[PDB]
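Undergrad: Protein chains in written order, with the authors' numbering: chain A, 2 to 53, 58 to 133; chain B, 2 to 52; chain C, 311 to 331; chain D, 311 to 331; chain E, 2 to 250; chain F, 52 to 101; chain G, 202 to 250.
Every residue, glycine too, gets a C-beta built ideally from N, C-alpha and C.
1. Quick check: the Cα distance between residue 90 of chain E and residue 192 of chain E, rounded to an integer number of angstroms?
2. Which residue from E:49, E:223 and E:39 puts its Cα closest to that of residue 317 of chain D?
3. Are there 16 or more other CB atoms within 10 angstroms of the CB of residue 3 of chain E, so buried, or fewer, so exposed?
4. Output the distance between the C-alpha atoms of residue 19 of chain E and residue 33 of chain B, rounded to the nearest integer angstrom.
5. Is residue 214 of chain G close to chain B? Criterion is C-beta to C-beta, closer than 8 Å.
6. Hey, is residue 71 of chain F's beta-carbon within less than 8 Å of any beta-carbon in chain G?
7. What did DSSP end up calling residue 321 of chain C once you bin it into helix, strand or coil?
8. Could you tell me the alpha carbon to alpha carbon distance between residue 87 of chain E and residue 164 of chain E, rounded to whole angstroms?
9. Are the C-beta of residue 54 of chain F and some C-beta of chain A separated by less than 8 Å?
10. When you compare only the Cα positions, how much space is there between residue 228 of chain E and residue 231 of chain G?
11. By DSSP's criteria, residue 45 of chain E is part of a beta bridge. Which residues make up the other side?
12. Exposed or buried, which one is residue 9 of chain B when buried takes at least 16 other CB atoms within 10 Å?
13. What residue ranges within the stretch 120-188 of chain E form continuous beta strand (DSSP E) runs of no fewer than 3 residues, ordered along the chain?
14. Verify whether the separation of the beta carbon atoms of residue 83 of chain A and residue 89 of chain A is less than 8 Å.
15. Since residue 12 of chain E and residue 202 of chain E are thought to touch, with beta carbons under 8 Å apart, how far apart are those beta carbons, to the nearest angstrom?
16. Quick one: Cα of residue 24 of chain E to Cα of residue 30 of chain A, how far?
17. In angstroms, rounded to a whole number, what distance separates the CA positions of residue 120 of chain A and residue 240 of chain G?
18. Using 8 Å as the threshold, is the C-beta distance between residue 41 of chain A and residue 93 of chain A below it?
19. With burial defined as no fewer than 16 other Cβ atoms inside 10 Å of the residue's Cβ, what is the status of residue 117 of chain A: buried or exposed?
20. Chain I beta carbons: is any one of them nearer than 8 Å to that of residue 331 of chain D?
21. According to DSSP, simplified to helix, strand and coil, what is residue 6 of chain B?
22. If we ignore side chains and look at the alpha-carbon of each, how far apart do residue 84 of chain E and residue 96 of chain E end up?
23. Closer than 7 Å by beta-carbon distance: list the chain F residues that pair up with residue 208 of chain G, in chain order.
24. Leaving out five residues before and five after residue 67 of chain E in sequence, what residues of the same chain have Cβ atoms less than 6 Å from its Cβ?
25. Could you please give me the residues that DSSP links to residue 112 of chain A through a beta bridge?
26. For residue 321 of chain D, return the contacting residues in chain E, with the cut-off set at a CB-CB distance below 8 Å.
27. Alpha carbon to alpha carbon, what distance is there between residue 179 of chain E and residue 323 of chain D?
28. Determine the direct distance from the alpha carbon of residue 16 of chain E to that of residue 79 of chain E, and round the result to whole angstroms.
29. How should residue 27 of chain E be labelled, buried or exposed, when 16 other C-beta atoms within 10 angstroms of its C-beta is the threshold for buried?
30. Please state if the CB of residue 47 of chain B and the CB of residue 73 of chain A are separated by a distance shorter than 8 Å.
31. Can you tell me whether residue 217 of chain E is buried or exposed, with buried defined as 16 or more other CB within 10 angstroms of its CB?
32. Would residue 99 of chain A pass as a contact of residue 220 of chain E if the rule is Cβ separation under 8 Å?
33. If distances are taken between C-alpha atoms only, which option among E:154, E:246, E:250 and E:170 comes closest to residue 183 of chain E?
34. Counting C-beta neighbours from all protein chains within 10 Å, is the total for residue 113 of chain E 16 or more, i.e. buried, or is it exposed?
35. If you run the structure through DSSP and keep just helix, strand and coil, what is residue 212 of chain G?
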């Protein structure tokens with residue numbers, strides 16, 4: 002089926018957009034010290050899966070990465086624990102700087118796939 | 002990034018040491034003055050993965 | 311329910327409070 | 311066989327052991 | 002396309018190693034400190050054909066046991082260990098940690114301590130008299146003299162417990178107290194025995210052992226490797242971006 | 052939810068007392084660790100300063 | 202006590218590190234913005250038909 006390409010590439014576009022938004026949010030919150038209720042910011046990631058044989062890619066869910074918080078010592082802070090160690094986001098920088106580029110490249114590649122498929126479908130529309 | 006925070010802590014520790022040294026030197030003429038000495042301590046350790 | 315589908319119920323507004331009251 | 315060809319059964323899982331037991 | 006991931010992983014591990022070196026440099030004056038070594042380990046991935054990927058993960062084998070210098074502060078109860086001496090103290094959870102920090106403090110009730118951790122000698126946590134002057138022998142004997150009393154009333158009151166560890170069988174802990182590894186613990190027993198071959202001296206306090214030249218060379222190498230990896234990332238991204246144009250029609 | 056916006060905030064000042072000059076002027080005062088001189092603001096309400 | 206006057210309490214190390222971090226963060230955010238703009242500048246070409 003050549004119609005399924007549209008909702009395969011749309012799924013790919015949506016998944017890559019979600020991944021790029023997650024990476025941008027992590028980069029923005031790379032240094033945020035607290036949330037709305039004292040909960041430290043946690044790096045988040047998306048889960049990709051196949052639609053199903059094989060099909061498009063769907064984002065199953067968004068999960069906070071389970072890594073120890075890079076806690077720092079600020080005793081004169083209300084959020085400090087009993088030992089004065091406040092918790093900071095466990096977000097690197099190279100990871101997101103590469104995730105953005107990879108997501109953009111995949112997005113552009115799927116755009117090219119959709120363009121080619123649409124062109125050949127329109128060409129087939131005038132058989133004979 | 003963690004490196005900047007760690008180096009900031011190190012610079013603060015050295016500044017405090019210089020402060021106590023300067024205080025010790027300033028009142029070298031005060032009667033009955035007992036010189037101070039600052040002792041530091043390393044913070045906790047984060048284990049990314051166990052052996 | 312699944313994202314991208316059609317449902318006759320409009321979504322509730324999205325809000326981002328700074329601090330929980 | 312040659313990379314890029316076609317074969318009946320899938321590739322084995324890939325692992326990166328930090329230290330060999 | 003996946004060649005970008007090995008380079009970014011190398012850059013991230015270089016950043017981690019730089020963080021370790023910065024942490025080593027930060028506490029360049031804490032008494033009884035042991036530096037943290039660092040190294041890079043290759044971790045090849047064994048796929049099906051043409052194994053051309055070998056990642057890298059930073060690793061720290063452990064502390065190097067080269068003793069630092071010792072400052073002569075003339076304080077009566079400051080001890081400095083031998084080449085492989087270890088003062089045994091009681092940690093927060095009852096485990097016996099090993100330190101080289103000889104700065105011993107005395108509480109109001111005559112209880113000895115080191116940074117809040119009660120030092121244990123022959124027996125249990127040793128407690129000297131209330132307000133007596135304390136002197137440390139050349140092998141760990143503790144003598145107490147009640148102030149005002151005649152000098153011929155100085156009496157031994159306890160003895161320190163000094164253990165000998167080679168250095169390649171001890172691992173650091175989260176709080177910062179070295180403990181034996183599993184194999185060494187099994188071979189030498191759960192708790193070490195106070196060997197009599199270790200001798201110490203009073204009036205001096207041992208500093209840290211961090212090499213500025215090693216730190217500087219490591220920092221320079223890390224910066225250069227990071228720059229090379231960044232260049233590789235840029236090249237791979239450019240190639241992939243220009244190659245995707247082939248997919249068009 | 053994927054977007055998490057970022058805003059800046061200032062959780063008050065810091066009360067660490069800075070160092071002090073010795074100007075020898077007879078009517079120059081310095082407070083203790085947690086002292087405050089009480090003055091009258093422009094609107095009549097009281098305020099605390101150092 | 203009289204005869205002394207208290208100055209401000211501003212930490213030069215804190216100020217310098219914060220300024221460096223802010224500059225780096227701003228540059229990274231600009232990189233993200235330009236990447237997103239360039240990436241989105243071709244979905245219209247897709248829609249062109």
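TA: A quick look at the data gives this:
1. Distance between the alpha carbons of residue 90 of chain E and residue 192 of chain E is about 12 Å.
2. E:49
3. exposed
4. Cα-Cα distance, rounded: 47 Å.
5. Yes, residue 214 of chain G counts as interfacial toward chain B.
6. yes
7. coil
8. 5 Å
9. For residue 54 of chain F, a Cβ of chain A is located within less than 8 Å of the residue's own Cβ.
10. 20 Å
11. Residue 45 of chain E pairs with E:55.
12. buried
13. 134-137, 142-146, 156-160 and 163-165
14. no
15. Between residue 202 of chain E and residue 12 of chain E the Cβ distance is about 47 Å, and since that is not below 8 Å, they are no contact.
16. Looking at the two C-alpha atoms, the distance is approximately 24 Å.
17. 15 Å
18. Between residue 41 of chain A and residue 93 of chain A, the C-beta gap is smaller than 8 Å, which places the two residues in contact.
19. buried
20. In the structure shown, chain I cannot be found, because the protein chains are A, B, C, D, E, F and G.
21. helix
22. 24 Å
23. 69, 70, 71 and 72
24. 210
25. Paired residue(s): none; residue 112 of chain A is not in a bridge.
26. 48 and 49
27. 39 Å
28. 38 Å
29. buried
30. Yes, the Cβ-Cβ distance between residue 73 of chain A and residue 47 of chain B is below 8 Å.
31. The residue is exposed, with fewer than 16 neighbouring Cβ atoms inside 10 Å.
32. No; because the gap between Cβ atoms is not below 8 Å, this pair is not in contact.
33. E:170
34. buried
35. coil
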